[PDB]
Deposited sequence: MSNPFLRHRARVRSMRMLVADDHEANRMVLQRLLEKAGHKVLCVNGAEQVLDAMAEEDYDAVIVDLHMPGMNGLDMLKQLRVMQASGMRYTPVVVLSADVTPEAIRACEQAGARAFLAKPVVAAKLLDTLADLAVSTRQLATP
């Protein structure tokens, strides 16, 4: 499996890379740039990021995949467990939704579900 993780915080990128082939990038705009060049099995993204957020990226990715781009499942991570935010993401195209800080065992099992 080939992974692509995106988070604005420095501490979050490092802990996820150690427990998991992984590429890490900062913003939501950059993960859209990274996906345009390379192909990935799954994308892990933080919901609340400055500038462009997880949902804005999700909507933009949805139109890209509908335009012809190869499908990649997206799992979202967030501190907010609010039911209104979960519904909006899966209606934008999200396949999984996990709370922060995420338990390692449940992340790996949900990644195994996608394949």
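In sequence order, the deposited residues that have no C-alpha coordinates form the ranges 1 to 14, 35 to 39, 135 to 143.
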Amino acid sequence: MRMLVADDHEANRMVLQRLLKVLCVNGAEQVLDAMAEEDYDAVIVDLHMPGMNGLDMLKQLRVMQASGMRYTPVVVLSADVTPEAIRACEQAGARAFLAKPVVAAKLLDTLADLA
From here on, numbers count along this sequence of modelled residues.
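Comparing 76 to 84 with 63 to 71, the higher mean C-alpha B-factor in the PDB entry belongs to 76 to 84. For the pair 2 to 10 and 106 to 114, the mean Cα B-factor is higher in 2 to 10.
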